[PDB]
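A.B. asks: Please find one structure pasted underneath; my questions will follow.
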Amino acid sequence: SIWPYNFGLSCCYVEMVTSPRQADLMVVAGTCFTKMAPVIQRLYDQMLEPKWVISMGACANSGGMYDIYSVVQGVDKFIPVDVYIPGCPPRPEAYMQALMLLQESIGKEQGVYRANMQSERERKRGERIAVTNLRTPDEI
Amino acid sequence: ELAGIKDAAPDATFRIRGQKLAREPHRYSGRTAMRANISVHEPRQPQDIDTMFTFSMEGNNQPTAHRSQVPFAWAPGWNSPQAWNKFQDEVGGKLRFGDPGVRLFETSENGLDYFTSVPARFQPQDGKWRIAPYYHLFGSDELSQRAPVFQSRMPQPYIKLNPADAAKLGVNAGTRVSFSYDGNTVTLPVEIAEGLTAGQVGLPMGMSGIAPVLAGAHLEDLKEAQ
Amino acid sequence: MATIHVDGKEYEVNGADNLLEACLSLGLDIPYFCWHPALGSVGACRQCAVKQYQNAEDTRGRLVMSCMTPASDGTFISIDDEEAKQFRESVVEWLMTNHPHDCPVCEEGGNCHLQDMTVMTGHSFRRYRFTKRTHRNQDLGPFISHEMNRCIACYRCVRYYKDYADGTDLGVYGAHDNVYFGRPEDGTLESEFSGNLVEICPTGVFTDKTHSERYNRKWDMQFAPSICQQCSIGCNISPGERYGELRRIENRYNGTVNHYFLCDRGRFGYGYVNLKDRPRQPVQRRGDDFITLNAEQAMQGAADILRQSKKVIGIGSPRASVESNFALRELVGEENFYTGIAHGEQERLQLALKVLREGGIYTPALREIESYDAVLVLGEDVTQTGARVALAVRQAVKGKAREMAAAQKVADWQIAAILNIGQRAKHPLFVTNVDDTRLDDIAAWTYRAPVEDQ
Amino acid sequence: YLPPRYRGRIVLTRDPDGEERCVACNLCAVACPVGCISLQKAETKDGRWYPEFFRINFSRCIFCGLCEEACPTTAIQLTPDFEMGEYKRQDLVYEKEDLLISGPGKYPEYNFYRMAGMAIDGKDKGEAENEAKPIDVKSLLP
Amino acid sequence: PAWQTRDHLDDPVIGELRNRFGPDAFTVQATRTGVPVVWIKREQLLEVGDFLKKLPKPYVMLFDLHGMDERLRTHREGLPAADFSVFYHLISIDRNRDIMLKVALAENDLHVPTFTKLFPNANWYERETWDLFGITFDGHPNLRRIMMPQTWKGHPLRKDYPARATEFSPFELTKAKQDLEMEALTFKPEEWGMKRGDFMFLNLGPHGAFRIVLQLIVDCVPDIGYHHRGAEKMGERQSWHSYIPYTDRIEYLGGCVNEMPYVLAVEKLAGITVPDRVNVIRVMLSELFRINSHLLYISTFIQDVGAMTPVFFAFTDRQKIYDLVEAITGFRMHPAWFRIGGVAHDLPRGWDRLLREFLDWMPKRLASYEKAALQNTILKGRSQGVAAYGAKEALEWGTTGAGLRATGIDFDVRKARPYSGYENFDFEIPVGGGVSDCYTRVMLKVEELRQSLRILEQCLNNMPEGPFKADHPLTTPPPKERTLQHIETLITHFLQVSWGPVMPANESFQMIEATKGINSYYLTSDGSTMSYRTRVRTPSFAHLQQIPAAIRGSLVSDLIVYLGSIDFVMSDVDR
Ligand code: SF4
Ligand code: SF4
Ligand code: SF4
Ligand code: SF4
Ligand code: SF4
Ligand code: SF4
Ligand code: FES
């Protein structure tokens, strides 16, 4: 029962489409700009006490490719973030896997609980490293 | 007497059309991954208030920029040390806008008098041995002898003797001999030097144990080590 | 002085210069390998080819080599002539037939003159399908690694080492396409100026072994203009840093002092910066225990005890900067400031200063030394202390051959003709030391004696 | 369903002899527009260049694939796998043990050292492709 | 060749300029832009400009107006002495010719007279030039900052201004609190536009997010710059090859359409003519992305002013186009597949069957779209005469695309100035009956979508044979199989991906027909491996500038319908 306020802007909300004072989830997507950052900070303030924030895309996780004068280098500089979903743009399946990775936090409570120390980098490690062969890219 | 040092380099307000001189080439890599193992949040770039240079690649290193301090040479199509030709006025000449550095003093109008302090001729003494200084490019300098690559390029510590003086002492090449400087004792293996005149003793200056102040000193005692 | 016509345009150049050094000064890109500004022109690589016409109306001329061609008044040349461009591409193609597939694992990569000239000619397509020649390598000591497969036979290494630097243990061996550049047998390169071979060689045959332990490419380096700290000559250097450690030492051109060359103590003696034993924080003692302080704590702690002291003295250093000694002198006062060198070393240094400032005799710069006609060296074992002066003195001793060749109207850049005219004739050089020096091979007389006898 | 050329997770691959394919040439790091690769060259006693550390910041990565096309050994490749997600941005920083997989990936047969002139164990001078045996200068044959 | 350097002295506009102002009153630059470039003095700017407006075949449209820094430009042979410059690109539709006027400036006296009286579209262009450079346009009514906020000190496209965010101090939220307080106190000082005035001042914020201040319609003032990513500045800090991903994100629906003008412009600096297979492949990917963008515009247009239940099937068709793009290029959006001299790989071996399945699949859906939109009455009744404009309004405001074609001005870039081998295809240019409104623009797009499918039919049946990359030393990167085996090819690949390819000092310029309007790239090389100046002309900037002229005399509902009908995206607008 999670209510999502999607603030996806340009070129990252087109994947989300394929996929106030009422939401408990803020899915920040798109490039966060210096000029428009008070809008996201006020929308974050308006929400109620149990907030959750999902950052998706490289432009929201970091500055991404735009290490430039007009772009803030990540939404985590000014708002707390719970889940980070890399990509440019991420996939709808990744959005699904973000909500699945977040219900575990909602059911695990300071919500670290000494159980969130396990990370997908180390958890799926023995899956990923044992891979030997991949399809040749001259075919469809 | 140190008034010229102001003009050796410009100050930290010097700009090439508003730009600070760059330290890094424009294709410098890893800006968002160099320090990412400590903190994934990129730190601010170091700020230089002392000099005209910036701790970044966002600056100027043009070959035709009006400056004398060139940090490195690079030109389009010239990535090698041959890119220094673009920074010179004529190739093999001077830097285009002048070489960096200024002479503190100019030649004086009048000279000196003749020094009349002629030394007497050298005479060997029994017991006292004059220390003849020997220098090495890879051992005699204080900072660079602590480089690990210089440990093998430097020679073994030795003591160089005239053949007639080693015959009077009774030693040959390779014999460890003991001597006394200032109440201390150092043992070194003997080497034989035909061009070294008698009454002298060759020591390697600036090593671990042999100070360069020892040049022109005297060794009171010299005998075979036991 | 002279006016030449290049590719339809017209330029003013020095008549004594050859066409390669004339056109490179104007910003006209001609590829080259075997020519060097310091070493002169020999004409080996044939890469600098241009088409020369007899006059403005001659439409079909001939290919000459611009390093070997004088820039006389009335010269008509074309760099961008189609036949010249095809030939210059072919020279790169002939050098590419035996070159190993080594650029990812070559330390010269990104800083390679052969890589730059290959792109500049525009040769990118291989036609040669046959086998490549290979060579085994030598051990050249702790400073320089050896990879003869990358050699393009430009002869720059031997011309620097024997002719310019007067080293004796590097030569060329073999014949035809099997020519080998190196030592007669494995062992350390004996010259004090061996490390300039890494800049002089346009490929990755001679590379820095001290840099290949912690290797990084040139684009990842952070550079600053610096001065060598290993002796008093003051060679200009360009130190490069990656990941907080000093990586290599490069020569920084200065036409008054060092120009293209450094000594081996300057080039390879930088490793003390990268020591793990260096202090990184201020440290204060408490009996046997040691306390780590920050900058603010250290200043407040030191000045509390310094306020209670009745006299503070300061000991400077000759290896400290002028701003560092003066600040020390400002803190204790000039009556309490000591230089840190012994009295006898102090007495020789101020007398050396007195003759430079008050002697009335001009003191030459390091490159101005090469123009002098006689050299007397009294007491200073100059190859071991002040090594770049010994390199500059070797060039001064070769001025006799340049004077004979000038009388016979041989150009200054035609180095093999000048060396043939010379035939061991030297400007007189008289050295005095307590033993033999490394300048003894070129010295007119050596005097081995104690210092009072010198 | 993903096509073979899909630009998801970045891995480092291995040789058919089983060694890591990366020779730490730093071309992938410089060709990246975002600057998301850091690495340092190390060298074995055999003489084989290999990376001491390999670090990709996947928070910054845009999956453009310019690193894969820059690589002259086919070591770095982009795989069809988009399944990534973390609670901490620090856990998006991948080291070499998170990137080096057990096989050769998309290009099963290419070995760079077989091409290269440089001598390592198993390949002395003249044991590379289109390479003749070394002839000494002291050889009797002219 | 079509890339060689030309002075364009045989163009008939220069001779009548010689006979009007004399030979000493201007200076002609030899470029690779394809157009004459003339340096005029700022005291003659208005006289020369109004002279070209009443030529017997006059120049009617100001394509672009922006500035260059030029202080660090070393190769400046033939140009007058300039410390800053302002260029004016003008277009005559009746001659099918362009002219560029360049005004030189000194560093102490950044002043030039405003061009707004002659061409109304110059108002936003001069504000951007005032924002990004420090050129002051004398006589401008409201010359304020259009990209950066109003307290931003510094002109970011000056060469002394540091490009990277890391070079400044990070988001410590010292300025976030002040910007939050300023945004919270949103009040009108009567400075945000003309603002003559009883009157209710309302800010309404809605395919992109932007703010507009409307008077309740008596006066409306767009506030843009919320999506500024510094793309133009980014061209100065990236090599020619590594800049290519940034091109894909100027327009999200564009994809490979956006990469096309940039690679064609770089290929003019390189002097590369590409093979025919490269031309047909690039045209194929551009028409696939054009179909995807047009279906998005028709889909979203039907949803807001009508029942969205039947048209939701278009998502499956867009999924088929994205599956075909990521089968060819690799990734669904932002392919970054075009290369200098060619494309990144060859076509994979099963491409023909998938494209044939898409060409068989599409006509049934397309004829359902024609039935759903041409024959409908409710959306037609809500789209006829809703903020209409004609041919005179289009040419004044620099409106191109379906807008300009909905009037009688038949102007496509693929027919007037053929590029990428478009002249070897059989396709028609639809045109309206002289009135551009919301119904006419959508009907034109349905006709264009059918012509795009004809181009794809010829690409599948006349796909020629040969390379996917040109044989030229500046083709970046080289073919990889030759790189992996041959040393000279490896050497070229090494320096191209690391230091960069060296483009010789010139200026190139390409225009393409984009998915929405005309998109261009004006690139300047100073001889280095990076661009000295990169200018991106986006049509959405002109289309969004045109809306206060047409909406004046309408309701808020008419504003929402007009904004939904125009071909504007805010990533294009702010770049
Ligand atoms: S992360 Fe990538 S896709 Fe998303 S907004 Fe940024 S550039 Fe566009
Ligand atoms: S010497 Fe130059 S061309 Fe040869 S392998 Fe090394 S970098 Fe490549
Ligand atoms: S070793 Fe180097 S400098 Fe000597 S000939 Fe070969 S390529 Fe030239
Ligand atoms: S001569 Fe050698 S040690 Fe002295 S400053 Fe020059 S490089 Fe350094
Ligand atoms: S991954 Fe490839 S390009 Fe990157 S360092 Fe390793 S070998 Fe070089
Ligand atoms: S995919 Fe692109 S952004 Fe990611 S590491 Fe490779 S080059 Fe960098
Ligand atoms: S550089 Fe002139 S022939 Fe070699």
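Along the chain as shown, residues are numbered 1 onward.
Note that Cβ sites are derived from N, Cα and C of the backbone, with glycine treated the same way.
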A.B. asks: Among C:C157, C:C263, find me the residue Swiss-Prot lists at the same [4Fe-4S] cluster 3 site as C:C228, C:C231, C:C235.
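C.D. replies: [4Fe-4S] cluster 3 site check in Swiss-Prot: besides C:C228, C:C231, C:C235, the record includes C:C263 out of C:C157, C:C263.
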A.B. asks: Go through the binding-site residues C:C45, C:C231, C:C263 one by one and keep only those whose Cβ is less than 8 Å from a Cβ of chain B; report them in sequence order, or 'none'.
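C.D. replies: Going by the Cβ criterion (under 8 Å to chain B), the qualifying binding-site residues are C:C231, C:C263.
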A.B. asks: Name the one residue among C:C45, C:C48, C:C263 whose Cα is closest in three-dimensional space to that of C:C157 ([4Fe-4S] cluster 2 binding site); these are the binding-site residues.
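C.D. replies: So, spelling it out, the nearest of the binding-site residues is C:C45.
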A.B. asks: Between the Cα atoms of C:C263 ([4Fe-4S] cluster 3 binding site) and C:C154 ([4Fe-4S] cluster 2 binding site), what distance do you get, rounded to the nearest Å?
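C.D. replies: Their Cα atoms are separated by 23 Å.
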A.B. asks: How long is the line from the C-alpha of C:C34 ([2Fe-2S] cluster binding site) to the C-alpha of C:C154 ([4Fe-4S] cluster 2 binding site), rounded to the nearest angstrom?
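C.D. replies: Computed Cα spacing between C:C34 ([2Fe-2S] cluster binding site) and C:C154 ([4Fe-4S] cluster 2 binding site) is 5 Å.
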A.B. asks: Pop the Cα-Cα gap between C:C151 ([4Fe-4S] cluster 2 binding site) and C:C106 ([4Fe-4S] cluster 1 binding site) into the table, whole Å please.
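C.D. replies: About 13 Å separates the two Cα atoms.
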A.B. asks: Could you round the CA separation between C:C112 ([4Fe-4S] cluster 1 binding site) and C:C201 ([4Fe-4S] cluster 2 binding site) to a whole angstrom and send it over?
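C.D. replies: Cα to Cα, C:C112 ([4Fe-4S] cluster 1 binding site) and C:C201 ([4Fe-4S] cluster 2 binding site) are separated by 9 Å.
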A.B. asks: In terms of Cβ proximity below 8 Å, which binding-site residues out of C:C67, C:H99, C:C103 neighbour chain E?
C.D. replies: C:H99, C:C103
A.B. asks: Give the sequence-ordered set of same-chain residues, not counting C:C228, C:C231, C:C235, C:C263, with Cβ within 8 Å of the centre of the Cβ atoms defining the [4Fe-4S] cluster 3 site.
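C.D. replies: Here the nearby residues are C:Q230, C:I233, C:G234, C:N258, C:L262, C:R265, C:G266, C:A387, C:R388.
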A.B. asks: So, by DSSP, how many helix, strand and coil residues make up the domain '4Fe-4S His(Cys)3-ligated-type' (C:83-122)?
C.D. replies: 25 helix, 0 strand, 15 coil
A.B. asks: Same-chain residues six or more away whose CB lies under 8 A from the CB of C:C67 ([2Fe-2S] cluster binding site)?
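C.D. replies: Spatial neighbours, sequence-distant, of C:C67 ([2Fe-2S] cluster binding site): C:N18, C:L19, C:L20, C:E21, C:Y32, C:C34, C:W35, C:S41, C:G43, C:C48, C:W413.
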A.B. asks: Once the chains shown are all counted, how many other Cβ atoms turn up within 10 Å of the Cβ of C:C45 ([2Fe-2S] cluster binding site)?
C.D. replies: 23
A.B. asks: In which DSSP state, out of helix, strand and coil, do we find C:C235 ([4Fe-4S] cluster 3 binding site)?
C.D. replies: coil
A.B. asks: Hey, what's the Cβ neighbour count for C:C151 ([4Fe-4S] cluster 2 binding site) at 10 Å?
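C.D. replies: So the number of other Cβ atoms within 10 Å of C:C151 ([4Fe-4S] cluster 2 binding site) is 24.
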